[PDB]
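Note sheet for the following structure.
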Amino acid sequence: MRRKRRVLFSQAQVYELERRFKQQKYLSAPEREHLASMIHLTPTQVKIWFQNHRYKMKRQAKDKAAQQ
């Protein structure tokens, strides 16, 4: 969608991204770009979203990153 106030992401776009994250954990090097073309985003914006969603699960019950 364009000529609307949906510059970065949308309800539809996040829906397919969430669906994808559930289905396939992470898209590979070619496939993330395949999605970015297909759905319509940049491979960077895609990767950032895909980072944010795994990060959310990490932060959920403390930020267990390099926690040792």
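When we follow our numbering, the leftmost residue of the sequence shown carries the number 38, and every step to the right adds one.
Heads up, the beta-carbon is just placed ideally off N, CA and C, and yes, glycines get one too.
Residue i, DSSP secondary structure in three states
i: residue 52; result: helix
i: residue 46; result: coil
i: residue 65; result: coil
i: residue 73; result: helix
i: residue 97; result: coil
i: residue 79; result: coil
Beta-carbon contacts of residue i that lie in its chain and below 7 Å, excluding the five residues immediately before and after
i: residue 101; result: 95
Same chain, Cβ closer than 6 Å to residue i, five either side skipped, listed in chain order
i: residue 78; result: none
Whole-Å CB distance - residue i paired with residue j, under 8 Å assumed
i: residue 45; j: residue 105; result: Actually they do not touch by this definition, with Cβ atoms about 35 Å apart.
i: residue 86; j: residue 54; result: 6 Å
Cβ-based burial, residue i [other Cβ within 10 Å; buried from 16]
i: residue 57; result: buried
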